[PDB]
Structures are given as structure tokens and as C-alpha cells.
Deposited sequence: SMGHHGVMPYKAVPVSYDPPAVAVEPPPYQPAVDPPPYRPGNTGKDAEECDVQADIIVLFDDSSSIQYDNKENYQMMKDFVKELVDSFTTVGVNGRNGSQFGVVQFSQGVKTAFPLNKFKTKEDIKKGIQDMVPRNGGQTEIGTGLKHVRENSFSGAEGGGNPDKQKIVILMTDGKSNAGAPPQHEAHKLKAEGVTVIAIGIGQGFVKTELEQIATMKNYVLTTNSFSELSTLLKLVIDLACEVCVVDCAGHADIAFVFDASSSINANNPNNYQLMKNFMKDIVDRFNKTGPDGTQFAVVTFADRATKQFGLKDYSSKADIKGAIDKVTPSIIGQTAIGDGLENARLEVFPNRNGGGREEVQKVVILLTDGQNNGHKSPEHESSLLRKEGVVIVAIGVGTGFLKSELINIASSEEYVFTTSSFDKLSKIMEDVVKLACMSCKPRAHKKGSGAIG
């Protein structure tokens, strides 16, 4: 039966009106409209309050209507129906995103109330082939507490680009044709009804997946101890540890991967911190990032509803044995949020981006003694939990 969302929210739909849409098919725009109308119906609070706005983008940007124009569902659907696609000769996804933050959520247009979720739903049939670069504008949008969902129709977009734009890679949805948009209705709602929150008092399963290569202590023999203190300091940021709170695990990887201890092994901070201290590095100069992630997936997370998180750290590039992008995908698909940290000059930032849940969850630092400069931003993510709030009827 039907999907509903009771969450109070200011919701902006970024609506592609490029020439490409009209050309492919005469009835494409209408299916787009019908899709948005169903989104409007799926939100209980709309017209009691929860609001809705639409911004057209392609060549330049045009606001169809702001949050504070239509105070009831049916009036919003009319506004959507009365929309006139300008059929633009280019596609400016960054320009569209820029408009949405500066204007769409402004007090003038009906936003600025921190009591409501800010949601943006992007629909495009292609790649941002003009105007500002998307990622940057997206970065700032999201920084302001805005959830960005991105929908791609057809083949002329690049899923890569939608993954940079969206909150997380799994906030990107794709469909072959406009005829099939409706098949994304449920998923879009589920995603929009997520209430993301930073709370270190909440329950979580956190796996450290750390490099154990010999290369770490090469330039300085206290580096591995610095890594270990980084972990210890993270454990101490959580209110309560153990089965009734936040559990912890540690997996190291050098040439292969080794589970040092699992989630259910200890319950107190001091027991977990001491367990971390027990951990030693290897004599091998290899970084099997892939094995590390594999181990976490097979040995750690099945052996404990709570938020699963992996914190990955490496000072080198992957050796080869196992595919980090494949193991990470499977973890991501199981609901594991992944944070990637790189230290030094021997890792590949491109690998970290591919494994992390979002480029925004990737951190770098020149040395291990500079690690505490990212403690906060990493803890912020580790303490983050997103709860689904969509149901039926």
C-alpha cells in the first residue's frame, strides 16, 4: 500500500527544463509533473506548516513558485501543472543549486525556519554542461543542513556527478526512462523522510579499519601510537559504550586483514581503550585496504536497530588482493556509512572517495600528529544517525 511521510519540511524540487527532455519525447514533461504531484500527496503535513517550491533549470534558472505561495496541496499541483518548460540549450545544475540556497530557502520565499527539514530533489536527464561547477554549490547547500536527493533519467547524465551533489551516494536514484519515474516514488519518499541527527549518546556499531603497515613507523616510531590515541579519543567521545550503547571493533590490514576484536567483546571505555593499546603493527609494507573492508563485512558487523559505521585509515594505496570499491559498495548497500581518512603522501585520494559514502566523508592530513585536527569532524559523522520515518496508509 501507499507511502507517507509526516516529517515537517520545506521541500524544493529542482526541475530540469532542457531541450533534451522535449526532444526525446513529447510527453516527458507531463510525466515529470505527475511525479512531483505524487510527492506532494505523499507529505501529510503539506497544507496544515510543511511547504513546497519548484525551480526550473537548464539555460539559466526560473522559479516556478516559492515555498510561501500555495497553502494547500491541490493549489501546489496546479502550480506544477501551470509550469512552462523553457527548453534550454544547455544544462546548468550548479547554477540551479546556487539559486536554491541563496533564494529558495530565504525568509522572503518562505524559508529560514530551523524547525523544518530542508530537502532538495534534483531531476535531470544529463550532465551539468555549463555554468558553475555543481559539487561546490552542493557542498554549501548541504552544509546548511539541507538533504539533497538526486534523480537521473536516461543515459546522458553521469551518476558520478549526482553522487558528488547528493548527501550520500545512496541518495542517488536512476531510471531508464520517464515512463519509469513512478518506480522511484517509494524510494524518494523513504529518503526524504530520513531525519539525520548528530548524537554521541545514541547507539552505534563502529568498526575501526586501520592500516597496520610497517611504513607508518618508518618516518616516526610513535606514529602507530598516535593512530591508537586517535581511536581512543573517539571512543571517549561517546556517552555510553557496550550492548546498551555504542559498541566498537578494530580491524587492521597490512598484507592481509585481521580482526583484533569485535563489537561484543567489551562494554566499558577502559576495556575498549586497553584493547586498542594491545594492537601492534606488522613488519610488512602493504596496505590491503580491500581485505580490511572485507573482514569488517564478514567478521564484524554480522556478529553483534543501530547505526553501522566504518572508519577507514590508510597511509598507503591499496595493494591489490581485494577490491576496496567492491567491498565498500557491499558495505554501503548494507547500510554501513563509511568514513575514509588518508595520512601522508602515499595514499590515493581517488581510492578514498570511491570507498567513502560521500566525498564529504573523506579526510586527509599531512602527518599522524596532525590527526587530532580532524577528530571533531570525524566524530561528528561517527555520532550521526539517520532514522527512517516513512510508513503506509
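According to the record, C-alpha coordinates are lacking for deposited residues 1 to 45, 94 to 97, 354 to 359, 449 to 454.
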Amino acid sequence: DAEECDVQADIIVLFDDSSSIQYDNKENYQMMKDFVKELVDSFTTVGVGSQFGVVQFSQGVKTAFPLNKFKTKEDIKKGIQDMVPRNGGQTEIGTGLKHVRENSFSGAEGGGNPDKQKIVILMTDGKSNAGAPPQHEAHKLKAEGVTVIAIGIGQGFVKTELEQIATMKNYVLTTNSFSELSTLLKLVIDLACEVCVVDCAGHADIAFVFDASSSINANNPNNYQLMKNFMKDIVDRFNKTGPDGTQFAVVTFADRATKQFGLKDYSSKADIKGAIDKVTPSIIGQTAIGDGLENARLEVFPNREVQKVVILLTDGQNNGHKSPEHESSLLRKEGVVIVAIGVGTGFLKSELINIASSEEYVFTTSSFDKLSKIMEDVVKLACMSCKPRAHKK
From here on, numbers count along this sequence of modelled residues.
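Between 101 to 109 and 259 to 267, it is 101 to 109 that carries the larger average Cα temperature factor according to the deposited entry.
Look at the C-alpha B-factors of 232 to 240 and of 67 to 75. On average they run higher in 67 to 75.
Annotation for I311, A143, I121, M227: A143 ranks highest, by Cα B-factor. By the numbers in the PDB entry, the CA B factor is greatest at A132 among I151, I276, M168, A132.
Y361 sits in the lowest third of its chain by CA B factor, as recorded in the PDB entry. Ranked within its chain, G292 lands in the lowest third, by CA B factor from the PDB record.
In the deposited entry, the Cα temperature factor of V379 sits in the bottom third of values across the chain's modelled residues. When the CA B factors of the chain's modelled residues are split into thirds, the value for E334 lands in the lowest one. For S58, the recorded CA B-factor ranks within the middle third of the chain. Only modelled residues enter the ranking.
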